[PDB]
Amino acid sequence: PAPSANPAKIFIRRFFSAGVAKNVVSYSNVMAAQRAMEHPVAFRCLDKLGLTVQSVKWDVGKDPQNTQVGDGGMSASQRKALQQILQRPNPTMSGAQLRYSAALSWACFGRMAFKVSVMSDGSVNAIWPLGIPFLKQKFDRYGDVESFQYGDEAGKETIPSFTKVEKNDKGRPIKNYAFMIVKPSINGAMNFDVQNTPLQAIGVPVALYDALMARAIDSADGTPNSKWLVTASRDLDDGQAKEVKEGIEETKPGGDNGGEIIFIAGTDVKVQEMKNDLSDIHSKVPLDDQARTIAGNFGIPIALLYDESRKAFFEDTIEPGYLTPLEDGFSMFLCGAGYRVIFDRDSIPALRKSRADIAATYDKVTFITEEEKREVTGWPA
Amino acid sequence: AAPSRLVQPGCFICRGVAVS
Amino acid sequence: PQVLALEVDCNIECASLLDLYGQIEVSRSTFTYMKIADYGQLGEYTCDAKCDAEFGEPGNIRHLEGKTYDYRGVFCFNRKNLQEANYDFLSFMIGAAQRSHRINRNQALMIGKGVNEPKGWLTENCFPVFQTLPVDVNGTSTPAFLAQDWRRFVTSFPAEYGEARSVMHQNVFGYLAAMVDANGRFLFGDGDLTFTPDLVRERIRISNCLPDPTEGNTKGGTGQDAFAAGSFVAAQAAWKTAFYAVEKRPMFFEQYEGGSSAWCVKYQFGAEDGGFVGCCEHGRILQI
C-alpha cells in the first residue's frame, strides 16, 4: 500500500531545499508567454488550441477497463454532484471557459492547476482555475509537494496537496486541495524539472519575425514614393525653371494640360524614372519559413492557416496532447476507480463522418458479437 | 589555516588551601 | 567543459534558540498585557477583644505593551546572465535571504540593542549574573572554571520556578567533558574514550553562536591562556516564561516594478517579528 517511499528523494538532499515555496515557472517563461499573446502568429495558434478543446463536451461515466468490481463511485451522489460541477463550475463560469483556460495554460507553461472545495462527504462544491505564473508550491521531505502558495503577502492560503489532506474512510478528501498537473520531461524530476513547452524552442523565429516585420513597417514610411527625378543644368534662369516644372507637373489626372506631351525647346532636360520596387519589404521568403516553424512547433498542419488535414490536427495533436492529459489528470484525483471523466468523441463535428463510415463497415462483419461491435466505436452498453 | 594550539585544562583541584 | 552538478557551499548555521522561548502570535503591530507587581500584605495578626481591623496595603497591577519590528532587504540582477545561465539565481537568492533572515532574527533576539531591534536578554542585563572564583597556580591568581562550579550553578536554580534548561557552547561542553582529576582520570565518562550523555535528559540544549568563552577553543588556561575574566559562560532559565517571541507575518518577496530600469530587475523581501523579556527573575547567567 502507499509506498510513501519514492525514489524522488534524490533531489531534496542538496539539489533542492525543503520548505522554500519555490515558484513553478521561471519569470523568463512568464514574460515569454505574455509577449507571445500579442504576436500575430503565436496568438493565432494559441487561441486555436484553446478554442478547439473548448468545443468538447464533458460527462462522467463508467470506465471501459472496469476490472474494479468494488466500484469507486463511492456514493453515486458524489458522482451526480461531480457531473453538475463539470457542466457548471463556480458561479460566473462555465465548463467551456474552464476547458479553455486549462488547455491554454497547458500550452504556454505545460502545467494545469485547479482548486476544489468538497463540502464534507466527497461531494465536490466548486472548481477554480489557478494562475500558473504566480503559483508557488512547497515540497515535502521525501519526494513530493505538500502545499501550494497562492499570493505574495496578503493571500497566503497554504492549500494542501491531494496527497496530504483529510480523507474520508473511503479515500476521498473532505477539505480543499489542488492538482498541479505536470508535463514530464528528460531526467525524470517529476516536479523538480524544467517545463516542457513549445515556447522553449520558438524563441529565435519569433525574434526574427518581429525584426523583419519591424523593418517592413519602417521602410513603408521613410522611402520616397515619388518617381521621375528630373534634373536641369545651371543655365536655366530660375523663373523659367519654375514654368518647366509647372509644365511637367501640370500633367496629373485632372490638370490643365493633362495627358499631353511635354515639349522643351532648347536646354535639354534629363529625366530618369526611379523603380521603387517596395514589393519585398517584409522578406516574403524568410517570413513564411518562420511562420511555418512557430505553427509546426505548436503541432499545426500548415494547411489550416484540406479536410484530411483537419482530421489530422484533431486526432494527432489535439486529442493525445490536450485531451488525454487533461482527462487522466482529472480521472486520477477527482473520483474513485470504476468511474472517470469522459468526453464524447462524436461531439467533434469533423470526425462525425469518420465515425459514420467506421460504424457502417463494422456493421457488415459477422464473426463478431454485438457488444464488441459497439465498444470498438464508443457505445458502452 | 595556521596551526592553532589545543590548550586543555590541567590538573585543577583547589581554590582554598595554598601549598606551603 | 564537463560542468558537474556539484554545488559545494560549506557554510553553517547556529543551533536555534527559538523552540525554547515562549512563542506567541499577534496580528496587529502593537500588543498589550497586564502584570502583577506584588500582591501586597492584607491583614495582620491582630489582638483579641478589639472591635476594629486594619486596611493593610493593596497590591499593584501594571499594564505593559510592546511593538513588533520589521526586517527588510532588496536585491537585483541583470536579466542577461539570468537568461543565459545554467542555474537559478532567483531560488539561490531566495534561499540566501531566508538564511540571512533566520540568522539575523536569532542574533537579534539574543543580543538585540534597544531601538528597532528586540532587546536581547544578553544586553538586558537583568538576568542575575553569578561570577565564578579564580584559582591559584604557582602563586598566580589566574581565573578558571570547574565542573564543581558548573554543578553548583546548575543546582542553585530555585526549585519552585520549575524545570529550567541550560544553554552553552560545544566548546564549553568539550572543556567540561575533558576534565581530569588529580591523578589522571576523567571526571565524566571514566575509560570510554568519549563522554556523550543524553543532552535532552540532562536538560542542556547546545548552540554555537554564544560568546564562547574559550576563544577558538584555545583558552584552557594555565599561563597566558586564562579565560580573560568577564566572559559569558552559560545561561540557565525557565525559557517558557522568561523570554517571549511574537510573530506577525512570515517572509514575503515582491518584484519592484518601477526602479527596474529594464537592465537590473529587482526584488524586495520583508518580514515582521519581535521579542521581549517578561519576568527576568527566572533566569541566571554563569560567568567567569
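Ideal geometry is used to build each Cβ from the backbone, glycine not excepted, and the neighbour counts take in all protein chains shown. Throughout, read-outs are computed from the coordinates displayed, never taken from laboratory work.
Computed log10 I(q)/I(0) for segment A:231-381 at 0.11, 0.12 Å⁻¹: -0.72, -0.80, from the Debye equation with unit scatterers placed on every C-alpha and solvent omitted. Sequentially through segment A:33-41, phi angles give Karplus couplings (6.51, -1.76, 1.60; θ = phi - 60°) of 5, 5, 5, 6, 7, 9, 5, x, 6 Hz, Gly and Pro residues having no value and appearing as x.
Rounded to the nearest 500, the helix-only mean residue ellipticity at 222 nm of chain C stands at -5000 deg cm²/dmol, with each DSSP H run of n ≥ 4 adding -39,500 (n - 2.57).
Return one quarter of the surface area of the convex hull spanned by the alpha-carbon atoms of segment A:290-351, equal to its mean projected area, in nm².
With the hull built on Cα positions only, its mean projection is 5.1 nm².
Pairs A:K136/C:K240; A:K311/A:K364; A:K284/A:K353; A:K57/A:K167; A:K62/A:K167; A:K175/C:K266: which exceed 28 Å Cα-Cα?
Values: A:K136/C:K240 35 Å; A:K311/A:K364 24 Å; A:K284/A:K353 38 Å; A:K57/A:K167 30 Å; A:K62/A:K167 23 Å; A:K175/C:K266 37 Å.
From the list (A:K136/C:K240; A:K311/A:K364; A:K284/A:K353; A:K57/A:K167; A:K62/A:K167; A:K175/C:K266), the Cα-Cα distance tops 28 Å for A:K136/C:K240; A:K284/A:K353; A:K57/A:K167; A:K175/C:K266.
Between C:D181, C:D52, C:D88, the residue with the greatest mean-square fluctuation in the GNM of chain C (Cα pairs under 10 Å linked by springs) is C:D52.
Counting only the Cα atoms, segment C:1-125 fills a convex hull of 192 Å³ per residue.
So if we plug the beta-carbon distance of C:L64 and A:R292 into 1/(1 + (r/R0)^6) with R0 = 60 Å, what FRET efficiency do we get, rounded to 0.05?
Details: r = 74 Å, r/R0 = 1.24.
Here the calculated transfer efficiency is 0.20.
Every Cα-Cα pair of segment C:172-238 was included, and the share exceeding 16 Å stands at 58 percent. Residues whose amide H comes within less than 5 Å of that of C:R79, counting only those at least five positions distant or on another chain, are C:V265 (H built at 1.01 Å from N in the peptide plane). Sparsely packed loop sites in segment A:231-304 (the GluC sites (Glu not before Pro) outside DSSP H, G, I, E and B with at most 16 other Cβ atoms within 10 Å) comprise A:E250, A:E260, A:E273. Under the definition of Cα pairs under 8 Å and six or more residues apart, what whole-number percent is the relative contact order of segment C:93-159? Value for segment C:93-159: 14 percent. Just checking the listed ones, C:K119, C:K80, C:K266: in the Gaussian network model of chain C with Cα springs under 10 Å, the one fluctuating most is C:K80.
So if each residue of separation counts as 0.36 nm, and I subtract the Cα-Cα distance between C:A37 and C:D19, what length gain in nm does that give?
Roughly 3.7 nm would be gained on extension.
Applying a 4.7 Å Cβ-Cβ cutoff to the protein assembly as shown, the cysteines left without a disulfide-compatible partner are A:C45, A:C108, A:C335, B:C11, B:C14, C:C10, C:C47, C:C51, C:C279.
When the charge dipole of segment C:96-206 is built from unit charges on Cβ atoms (+1 for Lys and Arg, -1 for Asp and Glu) and taken about the Cα centre, the candidate among C:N183, C:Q98, C:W150 whose Cα reaches farthest toward its positive end is C:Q98. For segment A:320-381, the Cα gyration tensor yields ellipsoid semi-axes of 27, 16, 8 Å (square root of five times each eigenvalue, largest first, whole Å). Dimensions of segment C:239-288 along the principal axes, based on C-alpha atoms and rounded to the nearest Å, stand at 56, 29, 11, largest first.
Its alpha carbons give segment C:99-258 an Rg and a Dmax of 19.3, 74 Å.
Any idea what the dipole of chain A comes to, in debye rounded to 20, about its Cα centre with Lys/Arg Cβ at +1 and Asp/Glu Cβ at -1?
Details: 45 positive and 48 negative charges, 490 e Å.
The calculated dipole for chain A is roughly 2360 debye.
From the C-alpha coordinates alone, can you work out the Kirkwood hydrodynamic radius of chain A, in Å? Walk me through the numbers before you get to the answer.
Details: mean 1/r = 0.0381 Å⁻¹.
Taking the inverse mean of 1/r over all distinct Cα pairs, chain A comes out at 26.2 Å.
The value for chain C of Rg(Cα) / (2.2 N^0.38 Å) is 1.38. Each of the GluC sites (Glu not before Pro) that DSSP puts in a loop and that has at most 12 other Cβ atoms within 10 Å breaks chain C; the longest unbroken stretch is C:55-162.
Here the Kirkwood formula puts the hydrodynamic radius of segment C:177-288 at 19.4 Å, using every distinct Cα pair. Expressed in units of 2.2 N^0.38 Å, where N is the residue count, the Cα radius of gyration of segment A:1-93 is 1.71. Bridging of A:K115 to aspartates and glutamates at a Cα separation below 13 Å is possible for A:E157, once same-chain residues fewer than 8 apart are set aside. Using bins of 10 Å that start at zero, the share of Cα-Cα pairs per bin across the protein assembly as shown amounts to 2, 9, 14, 15, 14, 12, 10, 9, 6, 4, 2, 2, 1, 0, 0, 0, in whole %.
Using only Cα positions of segment A:122-187, each an equal point scatterer, no hydration layer, compute I(q)/I(0) via Debye at q = 0.13, 0.14, 0.23 Å⁻¹ and quote the log10 values to two decimals. Result of the Debye calculation: -0.42, -0.49, -1.14. Using all C-alpha to C-alpha distances in segment A:190-252, build P(r) with 10 Å bins and read off the rounded percent in each one. P(r) for segment A:190-252, in whole percents per bin: 14, 21, 16, 14, 12, 9, 7, 5, 1. So for chain C: antiparallel DSSP bridges make up what percent, rounded to the nearest 5? Bridges in chain C that DSSP calls antiparallel: roughly 80 percent.
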